[PDB]
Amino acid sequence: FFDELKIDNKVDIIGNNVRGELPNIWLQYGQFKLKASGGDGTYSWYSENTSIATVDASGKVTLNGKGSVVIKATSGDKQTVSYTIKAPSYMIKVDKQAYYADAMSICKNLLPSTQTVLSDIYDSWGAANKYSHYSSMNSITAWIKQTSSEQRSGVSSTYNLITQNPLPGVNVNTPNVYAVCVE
């Protein structure tokens, strides 16, 4: 005989091995295991809006779009338990490689206002290549909105999403630099 079915409040981030509430700042395509308990112990997972996110048979969730969505779990004894996903203050998207100005526009003038905006993601999710969608990369250098003075010097600084290598004085016309957006 079974007892109440639950989905643990604390998610388990795939890329940094940390158990705590779902981060409020999201990297796109980050993923994370949900812990379902109770019932006859046999669980089935379901997203009710893939556009925003996805979940697999084991409960590994993958953030795909910015929004709010309801992942649900159902057991064998026929109980169901929803785990709501809150809209994140911000979510970071990695677009194609482009020069700084060329990028600024791709991201619709929404580049990371500062380095923090990005390092903060690293602390929350970790080395971005510890995820499905990114696996094939050692590095993902990302432009940072340039300070007013950097503007005059045709340069700007950067931060990587895997290596955390903050680099300054980068000419705005240096190739091999992704145009990471922040919506």
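Note that residue numbering begins at 1 and tracks the sequence as displayed.
Q: Which wins on mean Cα temperature factor, 49-57 or 128-136?
A: Higher mean C-alpha B-factor: 49-57.
Q: Taking the mean of the C-alpha B-factors per stretch from the entry, tell me the winner out of 63-71 and 37-45.
A: Taking the mean B-factor of the alpha carbons in each, 37-45 is higher.
Q: Can you pull the Cα B-factors for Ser89, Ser113, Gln97, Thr80 from the entry and say which is highest?
A: Of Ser89, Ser113, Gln97, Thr80, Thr80 has the highest C-alpha B-factor.
Q: Would you mind checking where the Cα B-factor of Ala179 ranks among the modelled residues of its chain, as the lowest, middle or highest third?
A: Lowest third of the chain for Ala179's C-alpha B-factor.
Q: Relative to the other modelled residues of the same chain, rank the CA B-factor of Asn160 and answer lowest, middle or highest third.
A: Tercile = lowest for this residue's CA B-factor.
Q: Could you say whether, by C-alpha temperature factor, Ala103 belongs to the lowest, middle or highest third of its chain?
A: CA B-factor rank for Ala103: middle third.
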